[PDB]
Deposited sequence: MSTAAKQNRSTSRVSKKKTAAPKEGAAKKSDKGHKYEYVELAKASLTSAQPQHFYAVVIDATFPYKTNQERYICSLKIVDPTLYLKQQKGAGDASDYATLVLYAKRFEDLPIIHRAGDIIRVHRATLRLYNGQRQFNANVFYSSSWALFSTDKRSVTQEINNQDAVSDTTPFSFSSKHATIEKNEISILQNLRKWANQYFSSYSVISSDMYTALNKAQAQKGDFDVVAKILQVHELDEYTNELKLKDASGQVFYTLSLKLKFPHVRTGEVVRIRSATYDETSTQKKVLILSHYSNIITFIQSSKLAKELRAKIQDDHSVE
């Protein structure tokens, strides 16, 4: 097809558009089915962060992307562009015509590095909504360019801007929902289905949250994650606990991430 760059898409023509973009933030797929993402590309990011928004609709959880890592790439077809509150908000009905495909930016897909498998052909999506989606050559280039940029971006910028999350030392004064960015100091198996994450962000605070072993199998001790949509447990006593919801999400960062690398270094037990 014809893939438009995020800032070049039309807010004028009634026709669907297609594009490749980097995924920097995402909700888990949930039912109201939806998945909301924050995407960026070379023409749209934080420069002298800024980003476009992507909402995906479907009639079943199985037809939505599960983003476990910031930095991977996505490409959607039959997307409609709307302007929702200042940002560029792209919409895609997976149940109708639209489709999506995820491409790993690192050598391995999250799911993959967990299972020690090698990628098919790395022009091959590690997950797609299609009925068994493929790609034409005109693309290889685009996908290879976005990947290179992706690492140049994540490598020199924080990506997850200092104002996209809330320091933990300000968690208790929060009313409602907020995001976090911390280092997992420990993963503990409480039982058959869930773990207990011991978190510590740059503020130096220690928090805990319960994560379902399967919603987030990538969770690992010593790693940095971004937690989308937590809440402070007003009923907490000895421990300070954050509470995840169904749309909540635990996100890791591709290996080039400056933010992730720095926090692994700065934060410790």
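- Within the chain's deposited sequence, the coordinate-free stretches run 1-35, 68-71, 88-94, 316-320 in sequence order.
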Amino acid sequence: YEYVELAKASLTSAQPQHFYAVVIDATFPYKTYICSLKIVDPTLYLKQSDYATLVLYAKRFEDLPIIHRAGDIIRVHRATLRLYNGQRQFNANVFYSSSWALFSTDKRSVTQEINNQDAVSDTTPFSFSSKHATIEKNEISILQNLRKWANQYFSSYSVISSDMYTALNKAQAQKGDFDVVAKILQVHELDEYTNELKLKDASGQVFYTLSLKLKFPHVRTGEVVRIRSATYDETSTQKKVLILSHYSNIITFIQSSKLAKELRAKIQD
From here on, numbers count along this sequence of modelled residues.
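- As recorded in the PDB entry, 116-124 is the stretch of 116-124 and 100-108 with the greater mean C-alpha temperature factor.
- Averaged over Cα atoms, the B-factor as recorded in the entry is higher for 126-134 than for the other of 190-198 and 126-134.
- Among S36, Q205, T235, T209, the highest C-alpha B-factor in the deposited entry belongs to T235.
- If you compare the C-alpha temperature factors of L244, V219, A26, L46 in the entry, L46 comes out highest.
- Placement of the Cα temperature factor of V181 within the chain: lowest third of the modelled residues, per the deposited record.
- Residue-level temperature factors show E223 in the lowest third of its chain, judged at the C-alpha atom.
- When the modelled residues of the chain are ordered by their C-alpha B factor, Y165 lands in the lowest third.
- For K240, the recorded CA B-factor ranks within the middle third of the chain. Only modelled residues enter the ranking.
- Ranked within its chain, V4 lands in the highest third, by CA B factor from the PDB record.
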